[PDB]
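# Topology and contacts: notes
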Amino acid sequence: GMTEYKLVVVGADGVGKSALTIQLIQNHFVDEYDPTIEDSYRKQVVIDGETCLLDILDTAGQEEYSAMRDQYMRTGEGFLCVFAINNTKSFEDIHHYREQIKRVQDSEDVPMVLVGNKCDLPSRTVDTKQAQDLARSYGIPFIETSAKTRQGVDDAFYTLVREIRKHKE
Ligand SMILES: Nc1nc2c(ncn2[C@@H]2O[C@H](COP(=O)(O)OP(=O)(O)O)[C@@H](O)[C@H]2O)c(=O)[nH]1
Ligand SMILES: [Mg+2]
């Protein structure tokens, strides 16, 4: 059976969680995707010559009960922690998402990547140094992305898979 990597995209409303997932899946930028919709996506990819499947939950932070949400948070192998480089509050919110992950996983060693999205925008209020400093503090990679231009999108998901492989070895 083809190895599957169960991945979970988390972060504040409006950082580009849906746009990043749809760019990876459909290879286009969606300007408009209902902020309250949480759905999973499955995509076959080749990472360093290994054919594998990514099983991705795009989270929406809604209150309504979802058996699927609970399952992915509990059994997810890797987390993308997304903020927007032009949204200081979304960067300030990252510590909350990391705490939620450690608690549901009951582990201090969960594979994670810090994702700074919307790097196409000039109005940057979160600099590369402060993002690299937070990622260093957590012992995780930092990747700059644009869902709009596709800059760093494969790099973000593929780096998370490389972190999961390391954790499995
Ligand atoms: N300029 C730019 N806009 C983005 C990017 N990613 C998402 N957006 C826009 O930011 C808004 C929120 O995106 P969305 O994917 O709904 O965020 P979510 O709430 O995290 O799922 C939408 O208007 C998107 O079109 C990006 O990389 N660059
Ligand atoms: Mg969304």
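Residues numbered from 1 in each chain as written, not as in the entry; some residues may be left out. Chains lettered and ligands numbered in written order. Heavy atoms only, no water. Residues with missing side-chain atoms left out of burial classes, pairs and counts.

Here we take up the nonpolar core. A general tendency of soluble globular proteins is for nonpolar side chains to be buried together. Among the nonpolar cores identified, the biggest contains 50 residues, and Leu54, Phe83 and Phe157 are the most heavily contacted of them. The element that contributes the greatest number of residues to this core is helix α6 (residues 153-168), accounting for 7 residues. Sequence-distant contacts of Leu54, that is, excluding residues within four places in its chain, are made with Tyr5, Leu7, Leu24, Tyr41, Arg42, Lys43, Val45, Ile47 and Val161. (Core = buried A, V, L, I, M, F, W, Y, C linked by side-chain atoms within 4.5 Å. Buried < 20%, exposed > 50% of the residue type's maximum accessible area, 1.4 Å probe, protein only. Helix = DSSP H or I, 4+ residues; strand = E, 2+ residues; numbered from the N terminus. Contact = heavy atoms within 4.5 Å.)

Turning to the site of ligand 1, a few remarks are in order. Around ligand 1 sit 19 residues, and of these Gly14, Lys17, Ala19, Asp120 and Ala147 come closest. With respect to ligand 1, the backbone of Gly14 contributes an N or O atom lying 2.8 Å from an oxygen atom. With 3 residues, the single largest contributor to the shell around ligand 1 is helix α1 (residues 17-26). Taken together, the residues of the shell around ligand 1 break down into 8 nonpolar, 5 polar and 6 charged. (Near = heavy atom within 4 Å. Polar contact = N/O pair within 3.5 Å; in protein donor to acceptor, adjacent residues only side chain to side chain. Nonpolar A, V, L, I, M, F, W, Y, C, P; charged D, E, K, R; others polar.)

Running from amino to carboxyl end, α1 crosses α6 at an angle of 90°, the nearest separation of the two axes being 10 Å. As the angle between them shows, α1 and α6 are arranged roughly perpendicular. Between α1 and α6, the residues in contact are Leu20, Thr21, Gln23 and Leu24 and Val153, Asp154 and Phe157, respectively. Tallied by class, residues from the contact of α1 with α6 come to 4 nonpolar, 2 polar and 1 charged. (Axes fitted to C-alpha atoms, helices over the stretch in contact; angles between N-to-C directions. Parallel < 35°, antiparallel > 145°, perpendicular 65-115°, else oblique.)

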